[PDB]
């Protein structure tokens, strides 16, 4: 039987196949609303390295509804994909992208060395190296203020114990696995005492 025939399918394509992604410190969030989401396209794909879901089953929510779904996309390196998970610490989890301990959603990642590497080294993807405090869950800091590492205070000038807070990844195609770039999509689900707009094709 041909079907189902759905027109307002959720735009997971323009998130997963976006020609250009975003740096992890300025991670990009896509709000999913007023659409039917066929998550089978996600887990039936054979082009993902990691598909870790927390507190929710991706094979069991195509008959479920949610008030809103958020799609967060960014780029890190293979060593840091394990940090996109609840209860993790490190440069990415503390200063770039933090997930709550009761995180409900999936962390999808795949190698993007063919896309985000240049022979001269790709230096467009940045990550935050220092910050005066850890990030709260789903917090986004884009400030470029000079980090004061010592007693003396910097006047927006870079120098002794005064660091620019953003460092670039050195994505060259010859890097080993773990230093080549990985594109990451983080789907998060919320359910409030409000109408639901993101449902599966079943109901």
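C-alpha atoms forming the largest set that superposes within 1.5 Å between two forms make up the rigid core. Positions refer to the first chain, counted from 1.
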- Name the stretch, 158-166 or 134-142, whose C-alpha atoms sit farther from the shown form on average in 4 other deposited structures of this protein, taking the rigid core as the superposition reference. 158-166
- Message: Root mean square C-alpha distance from this form after a core fit in 4 other deposited structures of this protein: higher for 172-180 or for 42-50?
- Response: 42-50
- Once you work out the mean C-alpha B-factor for both 170-178 and 33-41 from the entry, which is higher? 170-178
- Query: So which stretch wins on mean C-alpha B-factor, 143-151 or 22-30?
  - Reply: 143-151
- Task: Just grab whichever of 78, 121, 105, 100 has the top CA B-factor as deposited.
- Result: 121
- Query: Ranked by Cα temperature factor within the chain, is residue 56 in the lowest third, the middle third or the highest third?
  - Reply: lowest
- Which third, lowest, middle or highest, does the CA B-factor of residue 192 fall in along this chain? highest
- Could you look up the Cα B-factor of residue 165 in the entry and say which third of the chain it sits in: lowest, middle or highest? middle
- Third assignment of residue 68 from its chain's C-alpha B-factors: highest
- Based on the entry's values, in what third of the chain does the Cα temperature factor of residue 50 lie: lowest, middle or highest? lowest
